[PDB]
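Chemist: Starting off with a structure, shown below.
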Amino acid sequence: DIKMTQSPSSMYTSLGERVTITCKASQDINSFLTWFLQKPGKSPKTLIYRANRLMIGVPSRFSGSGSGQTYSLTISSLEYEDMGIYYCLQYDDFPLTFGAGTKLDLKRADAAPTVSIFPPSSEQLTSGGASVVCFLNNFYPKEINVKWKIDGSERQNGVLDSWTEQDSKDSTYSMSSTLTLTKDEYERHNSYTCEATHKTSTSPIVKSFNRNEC
Amino acid sequence: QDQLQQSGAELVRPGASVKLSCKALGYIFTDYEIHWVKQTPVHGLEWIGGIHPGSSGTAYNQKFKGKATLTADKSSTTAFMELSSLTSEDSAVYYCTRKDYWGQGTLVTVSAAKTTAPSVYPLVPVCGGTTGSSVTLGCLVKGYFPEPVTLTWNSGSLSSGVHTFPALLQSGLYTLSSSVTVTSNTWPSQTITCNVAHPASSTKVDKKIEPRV
Amino acid sequence: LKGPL
């Protein structure tokens with residue numbers, strides 16, 4: 001098993017910029033190496049093969065060099081349609097092996113999330129479940145931590161986290177956190193709290209309510 | 001030089017079998033190896049094995065030897081991949097590749113789940129009802145199967161300020177949520193409705209967002 | 001693209 005070490009694993013980039021992405025192999029692959037790109041929910045598309053051959057149809061903006069162990073992909077000036085994940089693939093030997101991937105996003109000024117908390121709905125309550133929802137929306141960068149506190153104590157299971165992709169106009173990210181409890185457990189407690197940790201601040205950002213109505 | 005064309009999405013029961021197909025178009029089928037590749041958010045991309053339709057020789061990743069069978073049919077220029085004894089861990093996107101070209105992938109979902117309509121909850125702001133410039137409203141669509149659900153705000157009419165979060169698995173069923181931010185004066189003066197449709201059960205739901213209390 | 005292996 002030949003190891004492929006792709007770096008970096010995520011990069012914050014500007015449109016117009018020149019980017020370089022790399023793959024080191026654990027043994028000489030003799031330039032048998034492809035470079036491919038994957039866009040959200042989309043089949044991979046090869047860009048380069050044999051280390052430097054361009055693929056019919058690929059802008060001349062892409063270019064790849066290397067030999068031996070260290071291989072490289074350069075994008076001379078970045079375009080909006082270039083955004084996705086870049087992989088590398090050695091096929092010198094079996095088994096074929098790939099790199100972890102290199103995720104590109106658009107850099108922007110840092111923005112703190114806008115937090116919203118939602119008590120269960122009456123229709124939910126009337127069927128035995130209680131979902132407490134927290135929206136952390138429009139923030140940057142992607143790194144965020146959420147903890148749930150029921151009456152002052154942290155609650156780990158039943159929490160469900162979902163991330164949107166980088167937004168095409170404003171470039172921010174968004175996430176929803178759903179805490180599922182039963183109605184009996186929900187009714188046995190009073191103060192439900194949302195806490196968000198983000199680079200934009202020291203102290204986490206906290207949202208709460210009280211079931212007896214704050 | 002042209003394409004690889006893969007079979008459709010597959011929903012199978014644990015312990016059953018699946019035969020996927022990869023149709024090769026516009027190149028000499030007997031001159032190139034077809035390789036099959038698995039993708040999943042936990043493992044990344046992994047190589048299952050390959051087949052040379054000329055010689056009929058195959059090479060396998062040691063991890064899939066005994067699980068996966070690679071065959072090819074010259075007369076229909078189709079490569080097939082058989083997967084036996086399926087489990088939730090075989091749930092993934094399977095690709096055939098020529099190393100340069102890639103088919104579009106088949107989604108394989110291993111599950112016991114039966115088709116089930118979703119439950120839709122209107123998500124109104126916390127009592128107190130903030131007094132800022134805008135308000136966020138939400139809608140929570142819980143417990144459906146299978147995966148495809150479609151969600152709009154006001155039948156498509158409300159489109160900006162919306163966020164719709166990718167569905168995730170909870171206790172074997174799918175859960176999804178959505179959020180819209182509108183200015184203070186909009187709601188509750190004008191109604192907002194969350195419209196949800198689940199084609200697999202043919203469920204059509206319109207839930208309005210009334211103020212709490 | 002390599003082919004035989």
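Please note that chains go A, B, ... in the order of the structure tokens, that every chain numbers its residues from 1, and that ligands are numbered from 1 in the order shown.
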Residues of region 73-180 of chain A in alpha helix (DSSP H) according to DSSP, as a PDB file with N, CA and C atoms, in the first residue's frame?
Modeler:
```pdb
ATOM      1  N   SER A 122     -46.274  22.644  19.553  1.00  0.00           N
ATOM      2  CA  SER A 122     -47.445  22.010  20.122  1.00  0.00           C
ATOM      3  C   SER A 122     -47.800  20.714  19.425  1.00  0.00           C
ATOM      4  N   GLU A 123     -47.751  20.672  18.101  1.00  0.00           N
ATOM      5  CA  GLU A 123     -48.068  19.438  17.390  1.00  0.00           C
ATOM      6  C   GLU A 123     -47.021  18.396  17.743  1.00  0.00           C
ATOM      7  N   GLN A 124     -45.755  18.799  17.964  1.00  0.00           N
ATOM      8  CA  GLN A 124     -44.799  17.752  18.324  1.00  0.00           C
ATOM      9  C   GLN A 124     -45.135  17.183  19.720  1.00  0.00           C
ATOM     10  N   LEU A 125     -45.271  18.115  20.666  1.00  0.00           N
ATOM     11  CA  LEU A 125     -45.623  17.800  22.043  1.00  0.00           C
ATOM     12  C   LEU A 125     -46.827  16.870  22.107  1.00  0.00           C
TER      13      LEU A 125
END
```
Chemist: Set the distance at 12 Å and use only C-alpha atoms: which residues neighbour residue 5 (chain C) once local chain neighbours fewer than 3 positions away are removed? I'd like the list as a list in words.
Modeler: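 Close residues of residue 5 (chain C): residues 91, 92, 93, 94, 95 and 96 of chain A; 32, 33, 49, 50, 51, 52, 55, 56, 57, 58, 59 and 60 of chain B; 1 and 2 of chain C.
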Chemist: Between A:38, A:196, A:174, A:158, which one has atoms that come closest to residue 171 (chain B), using only C-alpha atoms?
Modeler: A:158
Chemist: Rank nothing, just name the residue among A:18, A:27, A:132, A:110 nearest to residue 79 (chain A), using only C-alpha atoms.
Modeler: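 Of A:18, A:27, A:132, A:110, the one nearest residue 79 (chain A), counting only C-alpha atoms, is A:18.
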Chemist: Define the interface residues of chain A facing chain B as those within 9 Å, counting only C-alpha atoms, and report them as an MDAnalysis selection string.
Modeler: chainID A and resid 34 36 42:49 55 89 91 94:101 116:124 131 133 135 137 158 160:164 174:176 178 209 213:214
Chemist: Go ahead and dump the residues you just picked, C-alpha atoms, as an mmCIF file, in the first residue's frame.
Modeler:
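Below is the file part26.cif, written as the result:
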```
data_model
loop_
_atom_site.group_PDB
_atom_site.id
_atom_site.type_symbol
_atom_site.label_atom_id
_atom_site.label_comp_id
_atom_site.auth_asym_id
_atom_site.auth_seq_id
_atom_site.Cartn_x
_atom_site.Cartn_y
_atom_site.Cartn_z
ATOM 1 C CA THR A 34 -3.935 11.823 -11.884
ATOM 2 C CA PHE A 36 -9.301 15.309 -10.257
ATOM 3 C CA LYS A 42 -21.079 15.447 -8.485
ATOM 4 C CA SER A 43 -19.008 12.759 -10.125
ATOM 5 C CA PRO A 44 -15.277 13.384 -10.184
ATOM 6 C CA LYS A 45 -13.748 15.073 -13.243
ATOM 7 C CA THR A 46 -10.120 14.412 -14.257
ATOM 8 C CA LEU A 47 -7.947 17.446 -14.938
ATOM 9 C CA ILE A 48 -4.471 16.066 -15.395
ATOM 10 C CA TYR A 49 -3.139 12.529 -15.954
ATOM 11 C CA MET A 55 -7.316 16.474 -20.244
ATOM 12 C CA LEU A 89 -4.428 9.304 -7.451
ATOM 13 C CA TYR A 91 -1.764 4.154 -10.281
ATOM 14 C CA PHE A 94 -1.909 -1.806 -6.810
ATOM 15 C CA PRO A 95 -3.699 -1.085 -4.796
ATOM 16 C CA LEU A 96 -4.603 2.248 -6.304
ATOM 17 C CA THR A 97 -4.452 4.885 -3.527
ATOM 18 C CA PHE A 98 -5.813 8.410 -3.267
ATOM 19 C CA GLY A 99 -5.051 11.507 -1.192
ATOM 20 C CA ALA A 100 -7.373 12.781 1.534
ATOM 21 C CA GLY A 101 -8.562 15.692 -0.606
ATOM 22 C CA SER A 116 -31.935 31.381 17.191
ATOM 23 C CA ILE A 117 -33.513 28.912 19.628
ATOM 24 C CA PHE A 118 -36.895 27.209 19.187
ATOM 25 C CA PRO A 119 -39.053 25.484 21.841
ATOM 26 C CA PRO A 120 -40.788 22.362 20.580
ATOM 27 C CA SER A 121 -44.027 22.816 18.649
ATOM 28 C CA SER A 122 -47.445 22.010 20.122
ATOM 29 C CA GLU A 123 -48.068 19.438 17.390
ATOM 30 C CA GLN A 124 -44.799 17.752 18.324
ATOM 31 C CA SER A 131 -37.274 18.765 19.548
ATOM 32 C CA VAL A 133 -33.846 23.571 17.563
ATOM 33 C CA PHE A 135 -29.927 27.797 14.153
ATOM 34 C CA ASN A 137 -26.622 31.062 10.655
ATOM 35 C CA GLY A 158 -29.681 12.930 20.948
ATOM 36 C CA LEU A 160 -28.016 16.242 15.636
ATOM 37 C CA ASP A 161 -25.815 18.710 13.682
ATOM 38 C CA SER A 162 -26.186 19.824 10.043
ATOM 39 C CA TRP A 163 -23.988 22.184 7.982
ATOM 40 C CA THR A 164 -24.896 24.086 4.803
ATOM 41 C CA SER A 174 -24.766 27.999 8.448
ATOM 42 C CA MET A 175 -25.714 25.174 10.815
ATOM 43 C CA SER A 176 -28.744 23.753 12.562
ATOM 44 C CA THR A 178 -31.624 19.607 16.885
ATOM 45 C CA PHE A 209 -35.449 29.698 27.116
ATOM 46 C CA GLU A 213 -42.093 30.855 29.803
ATOM 47 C CA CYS A 214 -38.848 32.642 30.603
#
```
Chemist: Give me every strand (DSSP E) residue in region 14-204 of chain B, going by DSSP on the backbone, as a compact mmCIF listing (two decimals) with N, CA, C and O atoms, in the first residue's frame.
Modeler:
```txt
# COMPACT_ATOMS: atom_id res chain seq x y z
N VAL B 18 -26.28 -7.13 -4.41
CA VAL B 18 -26.40 -6.03 -5.41
C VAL B 18 -25.36 -6.26 -6.50
O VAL B 18 -24.16 -6.40 -6.30
N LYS B 19 -25.89 -6.20 -7.72
CA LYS B 19 -25.09 -6.20 -8.96
C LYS B 19 -25.05 -4.85 -9.67
O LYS B 19 -26.06 -4.42 -10.24
N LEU B 20 -23.99 -4.08 -9.61
CA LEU B 20 -23.98 -2.77 -10.30
C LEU B 20 -23.42 -2.88 -11.72
O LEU B 20 -22.41 -3.61 -11.95
N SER B 21 -23.87 -1.99 -12.61
CA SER B 21 -23.29 -2.03 -13.97
C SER B 21 -22.69 -0.73 -14.49
O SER B 21 -23.09 0.38 -14.13
N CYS B 22 -21.64 -0.88 -15.29
CA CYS B 22 -20.86 0.17 -15.91
C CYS B 22 -20.71 -0.01 -17.44
O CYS B 22 -20.00 -0.88 -17.98
N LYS B 23 -21.57 0.70 -18.18
CA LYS B 23 -21.59 0.62 -19.64
C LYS B 23 -20.51 1.49 -20.28
O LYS B 23 -20.52 2.71 -20.08
N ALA B 24 -19.61 0.84 -21.03
CA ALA B 24 -18.55 1.66 -21.66
C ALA B 24 -18.97 2.07 -23.07
O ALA B 24 -19.45 1.29 -23.91
N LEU B 25 -18.89 3.40 -23.31
CA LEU B 25 -19.27 3.95 -24.62
C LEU B 25 -18.14 4.72 -25.31
O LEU B 25 -17.36 5.49 -24.74
N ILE B 34 -11.26 -1.49 -16.33
CA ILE B 34 -12.23 -0.68 -15.56
C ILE B 34 -12.00 -0.87 -14.06
O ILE B 34 -11.86 -2.02 -13.65
N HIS B 35 -11.85 0.16 -13.27
CA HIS B 35 -11.68 0.11 -11.84
C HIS B 35 -12.90 0.61 -11.07
O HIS B 35 -13.65 1.50 -11.45
N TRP B 36 -13.21 -0.05 -9.94
CA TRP B 36 -14.41 0.37 -9.16
C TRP B 36 -13.96 1.03 -7.88
O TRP B 36 -12.93 0.61 -7.40
N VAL B 37 -14.54 2.12 -7.46
CA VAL B 37 -14.10 2.93 -6.35
C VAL B 37 -15.33 3.26 -5.47
O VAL B 37 -16.41 3.38 -6.01
N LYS B 38 -15.08 3.14 -4.14
CA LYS B 38 -16.13 3.35 -3.13
C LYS B 38 -15.90 4.72 -2.50
O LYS B 38 -14.75 5.11 -2.24
N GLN B 39 -16.97 5.46 -2.27
CA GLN B 39 -16.78 6.72 -1.55
C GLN B 39 -17.82 6.81 -0.43
O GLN B 39 -19.02 6.51 -0.55
N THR B 40 -17.35 7.26 0.72
CA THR B 40 -18.16 7.46 1.94
C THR B 40 -17.51 8.58 2.73
O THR B 40 -16.27 8.62 2.76
N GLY B 44 -13.37 8.21 3.08
CA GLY B 44 -12.85 8.83 1.86
C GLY B 44 -13.11 7.95 0.63
O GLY B 44 -14.13 7.26 0.52
N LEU B 45 -12.16 7.95 -0.30
CA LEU B 45 -12.29 7.15 -1.51
C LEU B 45 -11.53 5.85 -1.35
O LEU B 45 -10.35 5.96 -1.01
N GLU B 46 -12.08 4.68 -1.62
CA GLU B 46 -11.19 3.53 -1.57
C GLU B 46 -11.38 2.65 -2.79
O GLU B 46 -12.48 2.45 -3.31
N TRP B 47 -10.30 2.09 -3.30
CA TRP B 47 -10.30 1.22 -4.46
C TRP B 47 -10.78 -0.18 -4.15
O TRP B 47 -10.15 -0.91 -3.35
N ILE B 48 -11.81 -0.64 -4.84
CA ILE B 48 -12.26 -2.02 -4.58
C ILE B 48 -11.43 -3.04 -5.32
O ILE B 48 -10.92 -3.98 -4.73
N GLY B 49 -11.36 -2.90 -6.63
CA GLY B 49 -10.60 -3.73 -7.56
C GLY B 49 -10.74 -3.21 -9.00
O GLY B 49 -11.42 -2.22 -9.29
N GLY B 50 -10.17 -3.96 -9.95
CA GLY B 50 -10.24 -3.71 -11.35
C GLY B 50 -10.40 -4.87 -12.32
O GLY B 50 -10.03 -6.00 -12.02
N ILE B 51 -10.95 -4.54 -13.53
CA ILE B 51 -11.00 -5.60 -14.53
C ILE B 51 -10.53 -5.23 -15.93
O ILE B 51 -10.88 -4.21 -16.53
N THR B 58 -8.38 -9.85 -13.28
CA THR B 58 -8.95 -8.94 -12.30
C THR B 58 -7.90 -8.70 -11.24
O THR B 58 -6.98 -9.49 -11.16
N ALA B 59 -7.95 -7.66 -10.47
CA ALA B 59 -7.09 -7.37 -9.35
C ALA B 59 -8.02 -6.80 -8.26
O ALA B 59 -9.08 -6.29 -8.63
N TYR B 60 -7.79 -7.17 -6.98
CA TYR B 60 -8.76 -6.74 -5.96
C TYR B 60 -8.08 -6.06 -4.82
O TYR B 60 -7.01 -6.57 -4.49
N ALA B 68 -16.78 -8.73 -3.04
CA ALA B 68 -17.09 -8.10 -4.32
C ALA B 68 -16.65 -8.95 -5.51
O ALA B 68 -15.51 -9.40 -5.52
N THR B 69 -17.53 -9.20 -6.47
CA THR B 69 -17.10 -9.92 -7.68
C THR B 69 -17.16 -9.09 -8.97
O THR B 69 -18.19 -8.48 -9.25
N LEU B 70 -15.99 -8.99 -9.60
CA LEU B 70 -15.85 -8.22 -10.85
C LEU B 70 -15.93 -9.05 -12.13
O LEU B 70 -15.18 -9.99 -12.32
N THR B 71 -16.92 -8.79 -12.97
CA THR B 71 -17.04 -9.43 -14.26
C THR B 71 -17.27 -8.41 -15.38
O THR B 71 -17.67 -7.25 -15.18
N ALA B 72 -17.04 -8.85 -16.62
CA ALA B 72 -17.24 -7.98 -17.79
C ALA B 72 -17.89 -8.77 -18.91
O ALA B 72 -17.65 -9.96 -19.07
N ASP B 73 -18.74 -8.15 -19.69
CA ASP B 73 -19.36 -8.78 -20.86
C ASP B 73 -18.97 -8.05 -22.16
O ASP B 73 -19.44 -6.93 -22.41
N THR B 78 -20.17 -3.90 -21.12
CA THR B 78 -20.60 -3.59 -19.77
C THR B 78 -19.79 -4.27 -18.67
O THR B 78 -19.58 -5.49 -18.70
N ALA B 79 -19.26 -3.49 -17.74
CA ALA B 79 -18.53 -4.09 -16.61
C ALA B 79 -19.51 -4.26 -15.43
O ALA B 79 -20.36 -3.38 -15.22
N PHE B 80 -19.51 -5.41 -14.72
CA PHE B 80 -20.37 -5.46 -13.53
C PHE B 80 -19.65 -5.71 -12.21
O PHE B 80 -18.52 -6.19 -12.14
N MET B 81 -20.25 -5.11 -11.16
CA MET B 81 -19.69 -5.32 -9.82
C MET B 81 -20.74 -5.90 -8.87
O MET B 81 -21.79 -5.27 -8.69
N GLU B 82 -20.55 -7.15 -8.45
CA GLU B 82 -21.45 -7.78 -7.45
C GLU B 82 -20.96 -7.60 -6.01
O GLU B 82 -19.79 -7.76 -5.65
N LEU B 83 -21.82 -7.14 -5.12
CA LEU B 83 -21.59 -7.00 -3.67
C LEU B 83 -22.50 -7.95 -2.89
O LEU B 83 -23.75 -7.95 -3.00
N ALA B 92 -22.99 3.58 0.32
CA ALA B 92 -22.04 4.53 -0.27
C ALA B 92 -22.32 4.85 -1.73
O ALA B 92 -23.31 4.42 -2.34
N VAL B 93 -21.39 5.65 -2.24
CA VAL B 93 -21.44 5.98 -3.68
C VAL B 93 -20.38 5.11 -4.35
O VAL B 93 -19.24 5.15 -3.90
N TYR B 94 -20.80 4.26 -5.28
CA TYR B 94 -19.88 3.43 -6.05
C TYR B 94 -19.72 4.01 -7.47
O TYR B 94 -20.63 4.22 -8.30
N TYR B 95 -18.48 4.16 -7.86
CA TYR B 95 -18.01 4.57 -9.15
C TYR B 95 -17.26 3.55 -9.98
O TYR B 95 -16.20 3.19 -9.49
N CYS B 96 -17.49 3.43 -11.30
CA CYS B 96 -16.46 2.84 -12.18
C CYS B 96 -15.63 3.98 -12.81
O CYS B 96 -16.03 5.13 -12.83
N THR B 97 -14.36 3.74 -13.05
CA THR B 97 -13.44 4.67 -13.59
C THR B 97 -12.49 3.96 -14.56
O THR B 97 -12.06 2.83 -14.37
N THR B 106 -23.28 5.02 -8.75
CA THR B 106 -24.53 4.59 -8.11
C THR B 106 -24.51 4.70 -6.58
O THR B 106 -23.54 4.36 -5.90
N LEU B 107 -25.46 5.40 -6.01
CA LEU B 107 -25.83 5.39 -4.61
C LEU B 107 -26.44 4.04 -4.22
O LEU B 107 -27.42 3.59 -4.80
N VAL B 108 -25.81 3.40 -3.24
CA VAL B 108 -26.34 2.16 -2.66
C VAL B 108 -26.68 2.45 -1.18
O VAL B 108 -25.86 2.91 -0.39
N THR B 109 -27.93 2.28 -0.83
CA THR B 109 -28.43 2.51 0.52
C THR B 109 -28.87 1.18 1.11
O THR B 109 -29.82 0.61 0.57
N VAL B 110 -28.10 0.68 2.08
CA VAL B 110 -28.55 -0.58 2.72
C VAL B 110 -29.44 -0.26 3.92
O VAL B 110 -29.01 0.51 4.80
N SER B 119 -43.06 13.94 9.32
CA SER B 119 -43.93 14.69 10.23
C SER B 119 -43.35 16.08 10.11
O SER B 119 -42.13 16.17 9.93
N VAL B 120 -44.21 17.09 10.06
CA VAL B 120 -43.73 18.43 9.77
C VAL B 120 -44.10 19.36 10.90
O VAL B 120 -45.28 19.62 11.11
N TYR B 121 -43.11 19.96 11.55
CA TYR B 121 -43.37 20.90 12.62
C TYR B 121 -43.00 22.33 12.26
O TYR B 121 -41.88 22.73 11.91
N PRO B 122 -43.98 23.24 12.42
CA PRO B 122 -43.78 24.66 12.29
C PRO B 122 -42.88 25.15 13.41
O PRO B 122 -43.15 24.73 14.54
N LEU B 123 -41.86 25.95 13.16
CA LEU B 123 -40.98 26.43 14.20
C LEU B 123 -41.05 27.94 14.33
O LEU B 123 -40.31 28.72 13.74
N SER B 134 -35.08 41.88 12.27
CA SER B 134 -35.56 40.68 11.61
C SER B 134 -35.93 39.57 12.57
O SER B 134 -35.61 39.55 13.76
N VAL B 135 -36.65 38.57 12.07
CA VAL B 135 -37.11 37.39 12.77
C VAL B 135 -36.76 36.13 11.98
O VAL B 135 -37.12 36.04 10.81
N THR B 136 -36.23 35.09 12.60
CA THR B 136 -36.05 33.81 11.94
C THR B 136 -37.15 32.81 12.29
O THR B 136 -37.46 32.68 13.47
N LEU B 137 -37.71 32.17 11.30
CA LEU B 137 -38.78 31.22 11.38
C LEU B 137 -38.18 29.89 10.92
O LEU B 137 -37.06 29.98 10.42
N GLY B 138 -38.82 28.75 11.20
CA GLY B 138 -38.12 27.52 10.82
C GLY B 138 -39.22 26.50 10.58
O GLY B 138 -40.40 26.79 10.75
N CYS B 139 -38.78 25.35 10.14
CA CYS B 139 -39.70 24.27 9.84
C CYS B 139 -38.85 23.02 9.93
O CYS B 139 -37.65 23.11 9.59
N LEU B 140 -39.40 21.98 10.56
CA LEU B 140 -38.61 20.80 10.96
C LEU B 140 -39.37 19.64 10.36
O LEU B 140 -40.59 19.64 10.46
N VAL B 141 -38.70 18.81 9.57
CA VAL B 141 -39.41 17.74 8.84
C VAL B 141 -38.79 16.46 9.37
O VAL B 141 -37.56 16.35 9.25
N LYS B 142 -39.51 15.65 10.14
CA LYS B 142 -38.89 14.58 10.92
C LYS B 142 -39.42 13.22 10.55
O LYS B 142 -40.61 13.03 10.33
N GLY B 143 -38.53 12.26 10.48
CA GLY B 143 -38.89 10.89 10.26
C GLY B 143 -39.42 10.44 8.95
O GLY B 143 -40.49 9.84 8.92
N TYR B 144 -38.67 10.63 7.86
CA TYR B 144 -39.16 10.10 6.58
C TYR B 144 -38.11 9.15 6.01
O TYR B 144 -36.99 9.02 6.50
N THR B 150 -38.85 17.49 -0.71
CA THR B 150 -38.59 18.84 -1.24
C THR B 150 -39.35 19.86 -0.40
O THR B 150 -40.51 19.68 -0.07
N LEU B 151 -38.66 20.93 -0.05
CA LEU B 151 -39.14 21.94 0.86
C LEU B 151 -39.14 23.36 0.33
O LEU B 151 -38.06 23.93 0.19
N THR B 152 -40.27 24.04 0.35
CA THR B 152 -40.28 25.45 -0.03
C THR B 152 -40.93 26.29 1.07
O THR B 152 -41.68 25.78 1.90
N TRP B 153 -40.67 27.57 0.96
CA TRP B 153 -41.26 28.59 1.80
C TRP B 153 -42.19 29.46 0.94
O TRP B 153 -41.77 30.26 0.11
N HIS B 163 -32.31 28.93 4.34
CA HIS B 163 -31.29 27.93 4.56
C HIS B 163 -32.01 26.58 4.75
O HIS B 163 -33.06 26.57 5.38
N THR B 164 -31.59 25.55 4.07
CA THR B 164 -32.21 24.23 4.13
C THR B 164 -31.09 23.24 4.40
O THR B 164 -29.95 23.59 4.02
N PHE B 165 -31.17 22.48 5.52
CA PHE B 165 -29.90 21.83 5.92
C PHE B 165 -29.99 20.43 5.39
O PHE B 165 -31.10 19.92 5.22
N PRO B 166 -28.85 19.93 4.96
CA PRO B 166 -28.84 18.58 4.41
C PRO B 166 -29.45 17.62 5.44
O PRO B 166 -29.05 17.76 6.59
N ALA B 167 -30.31 16.71 5.05
CA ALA B 167 -30.90 15.69 5.87
C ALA B 167 -29.83 14.80 6.50
O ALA B 167 -28.71 14.80 6.02
N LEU B 168 -30.10 14.23 7.66
CA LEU B 168 -29.24 13.28 8.36
C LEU B 168 -30.09 12.14 8.96
O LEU B 168 -31.29 12.27 9.19
N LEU B 169 -29.47 10.99 9.17
CA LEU B 169 -30.08 9.80 9.71
C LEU B 169 -30.22 9.84 11.23
O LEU B 169 -29.30 10.15 11.96
N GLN B 170 -31.41 9.56 11.69
CA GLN B 170 -31.74 9.49 13.10
C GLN B 170 -32.65 8.29 13.34
O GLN B 170 -33.76 8.16 12.81
N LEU B 173 -34.24 6.75 10.16
CA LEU B 173 -35.09 7.57 9.34
C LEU B 173 -34.45 8.94 9.09
O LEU B 173 -33.50 9.29 9.81
N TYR B 174 -34.92 9.68 8.06
CA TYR B 174 -34.27 10.95 7.77
C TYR B 174 -34.91 12.14 8.45
O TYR B 174 -36.12 12.22 8.55
N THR B 175 -34.09 13.08 8.87
CA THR B 175 -34.55 14.30 9.50
C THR B 175 -33.91 15.49 8.76
O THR B 175 -32.70 15.50 8.48
N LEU B 176 -34.72 16.52 8.59
CA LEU B 176 -34.25 17.71 7.89
C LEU B 176 -34.83 18.96 8.54
O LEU B 176 -35.91 18.95 9.14
N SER B 177 -34.14 20.06 8.32
CA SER B 177 -34.68 21.33 8.81
C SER B 177 -34.42 22.50 7.87
O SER B 177 -33.39 22.68 7.22
N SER B 178 -35.23 23.54 8.06
CA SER B 178 -35.07 24.73 7.23
C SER B 178 -35.39 25.98 8.02
O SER B 178 -36.27 25.95 8.87
N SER B 179 -34.74 27.07 7.64
CA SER B 179 -34.83 28.38 8.26
C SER B 179 -34.93 29.56 7.30
O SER B 179 -34.40 29.56 6.18
N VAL B 180 -35.69 30.60 7.56
CA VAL B 180 -35.89 31.81 6.82
C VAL B 180 -35.88 32.97 7.82
O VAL B 180 -36.52 32.99 8.85
N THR B 181 -35.19 34.02 7.35
CA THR B 181 -35.15 35.26 8.12
C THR B 181 -35.92 36.28 7.28
O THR B 181 -35.95 36.13 6.06
N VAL B 182 -36.87 36.97 7.88
CA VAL B 182 -37.68 37.97 7.22
C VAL B 182 -37.69 39.21 8.11
O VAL B 182 -37.35 39.02 9.28
N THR B 183 -37.98 40.41 7.64
CA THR B 183 -37.94 41.57 8.51
C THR B 183 -39.13 41.57 9.48
O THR B 183 -40.16 40.95 9.25
N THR B 193 -45.80 30.05 5.08
CA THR B 193 -46.07 28.63 5.05
C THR B 193 -44.85 27.86 4.61
O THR B 193 -43.96 28.36 3.95
N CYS B 194 -44.72 26.67 5.17
CA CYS B 194 -43.57 25.81 4.84
C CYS B 194 -44.27 24.73 4.03
O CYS B 194 -45.36 24.38 4.45
N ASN B 195 -43.73 24.41 2.87
CA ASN B 195 -44.41 23.42 2.02
C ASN B 195 -43.36 22.32 1.85
O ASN B 195 -42.18 22.62 1.71
N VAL B 196 -43.86 21.11 2.05
CA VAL B 196 -43.02 19.94 2.08
C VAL B 196 -43.69 18.92 1.18
O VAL B 196 -44.91 18.86 1.30
N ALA B 197 -42.92 18.17 0.42
CA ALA B 197 -43.54 17.10 -0.37
C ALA B 197 -42.56 15.93 -0.36
O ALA B 197 -41.34 16.11 -0.44
N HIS B 198 -43.13 14.76 -0.17
CA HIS B 198 -42.33 13.53 -0.15
C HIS B 198 -42.94 12.64 -1.22
O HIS B 198 -43.98 11.99 -1.04
N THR B 203 -46.71 12.51 -0.20
CA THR B 203 -47.28 13.30 0.88
C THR B 203 -47.04 14.77 0.56
O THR B 203 -45.98 15.23 0.11
N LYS B 204 -48.17 15.48 0.68
CA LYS B 204 -48.08 16.92 0.40
C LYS B 204 -48.48 17.68 1.65
O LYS B 204 -49.59 17.51 2.14
```
